[PDB]
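I have placed the structure first, in the form of structure tokens, so that the comments after it can refer back to it.
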Amino acid sequence: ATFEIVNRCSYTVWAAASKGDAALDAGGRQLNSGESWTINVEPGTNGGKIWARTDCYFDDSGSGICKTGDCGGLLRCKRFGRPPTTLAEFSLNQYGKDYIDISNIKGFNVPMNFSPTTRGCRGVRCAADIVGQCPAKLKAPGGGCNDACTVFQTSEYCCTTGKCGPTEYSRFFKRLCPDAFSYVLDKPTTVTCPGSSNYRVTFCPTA
């Protein structure tokens with residue numbers, strides 16, 4: 001399957017793509033404002049994620065640091081990034097279907113639209129100003145808005161016992177972005193698409 005990753009933000013973003021234990025395609029790339037990066041994701045990929053990283057510095061060897069979404073200091077991510085990260089999530093070719101969603105479960109850093117480029121399903125979008133409105137306790141110094149599990153590490157926010165309810169914090173994300181997961185047991189906002197669809201992830205879709 002092919003993914004076009006488009007940076008419509010006015011600032012440089014460092015895109016990342018990983019399935020947790022391995023990079024997808026090259027795994028990461030600088031995208032200046034307006035730049036598009038097309039990657040090939042192998043069919044059958046389970047648990048793939050795409051996110052943006054902000055305020056990165058990397059050297060010759062591709063080592064450095066980002067203030068949001070750092071994946072252990074690498075330009076080409078092999079593992080997942082450090083929150084806060086708005087997450088585009090996908091499982092491909094699962095019994096003939098594709099499943100996509102946007103998640104705020106690891107916080108929010110960049111607004112995002114996640115849409116298919118082929119037929120038969122809708123896209124999803126979280127493009128509200130979550131950082132500007134972020135509750136004080138969740139504001140991350142490096143920018144972005146942390147999820148409550150990252151900040152407080154309780155069984156309720158992290159849903160450790162498998163039983164948990166919505167919270168004042170999860171409701172904040174859900175009220176600004178109803179189409180994104182706000183906590184781990186949220187009523188699923190997953191979208192079902194035909195198997196082997198193609199997609200576009202746009203950062204800053206509106207502004």
Exercise for the section: Look through the stretch 83-112, keep the residues that are of a type in the set (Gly, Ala, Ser) and buried (at least 24 other Cβ atoms within 10 Å of the Cβ), and return whichever of them is nearest to the chain's Cα centre (by Cα). Expected result: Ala88
Practice task
List the strands (runs of 3 or more DSSP E) that sit entirely inside the stretch 87-174 and contain at least 2 residues that are farther than 23 Å from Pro205 by Cβ.
Solution key: 87-94
Practice task
Tell me, please, whether a residue that is within 16 Å of the chain's Cα centre (by Cα), of a type in the set (D, E, K, R) and either surrounded by 12 or more Cβ atoms within 10 Å (Cβ to Cβ) or farther than 22 Å from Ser103 by Cα (or both) can be found in the stretch 30-48.
Solution key: no
Practice task
Return the residue satisfying two criteria in turn: it lies in the stretch 151-203 and is crowded, with 18+ Cβ neighbours inside 10 Å and among the aromatic types (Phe, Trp, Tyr), and of such residues it is nearest to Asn32 (Cα to Cα).
Solution key: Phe203
Practice task
Keeping to the stretch 113-148, report how many residues are touching a helix residue (DSSP H, G or I) at 6+ places or on another chain (Cβ under 9 Å), surrounded by 13 or more Cβ atoms within 10 Å (Cβ to Cβ) and basic (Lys, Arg).
Solution key: 1
Fill in the blank from the handout: Those residues of the stretch 169-192 which are more than 16 Å from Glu89 (Cα to Cα) and touching a residue at least 12 places away in the same chain (Cβ under 8 Å) amount to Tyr169, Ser170, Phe172, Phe173, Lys174, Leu176
Completion exercise
Result of the Cβ filter at 6 Å on the stretch 147-166, keeping first residues that are more than 22 Å from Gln133 (Cα to Cα) and partners that are acidic (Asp, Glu), at least 6 apart or interchain, is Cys164/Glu156
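No value in this document is a laboratory result; all are computed from the given coordinates. Here the Cβ is made from the backbone with ideal geometry for all residues, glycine too, and neighbour counts use every protein chain on show.
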